[PDB]
């Protein structure tokens, strides 16, 4: 009952964000639009109940959340890594790491016992490899970005461990509200905050070889 309302709020908010982002930005590759549109699909699937499995302490796990993050967060990571002027091959690497983090997180959420532990460890290893080059970047853009990695991206494995995906210390519904707050921060606030600086950065890189 309660969790349907959370998922409905997610559908509504990301529909508004997608419509806004498409209208506000240039009518070309709009990662902000795609990230939100994909998240709409993900929230509808969770509302539908398409793959709900038993979590810890009697909660539920919605492992398609994590699988769709493999797509939307790769777009986010493209923006972040470009913003920090990583090389093209490091951008691709970081995007691969991102997909791996999300895919193994979905496995860790769904599976049990030692499989959950094993997949959570692999996800965490790839995640350390993902954020270390972001957090240690010498780019002047590192601090604008660090707050998304530290409070947003890193909030997810913390929420995961508390949630039925992990130990089940908090309920399914409270976990879902937490994931929705983190989604708004990493997928919507991120662009309101950084869209213009990222576009200006993209123009400077285009104009200046090297």
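Positions refer to the first chain, counted from 1.
Checked against the record, the higher mean CA B factor of 136-144 and 75-83 lies with 136-144. Looking at mean Cα B-factors across 32-40 and 57-65, the upper value is held by 57-65.
Among the modelled residues of its chain, residue 123 has a C-alpha B-factor that falls in the middle third, as given in the PDB entry. Among the modelled residues of the chain, residue 49 sits in the highest third by CA temperature factor in this PDB entry. Residue 207: CA B factor lies in the highest third for its chain, per the PDB record. Looking at the C-alpha B-factors along this chain, the one for residue 6 belongs to the middle third.
Among the modelled residues of its chain, residue 96 has a C-alpha B-factor that falls in the lowest third, as given in the PDB entry.
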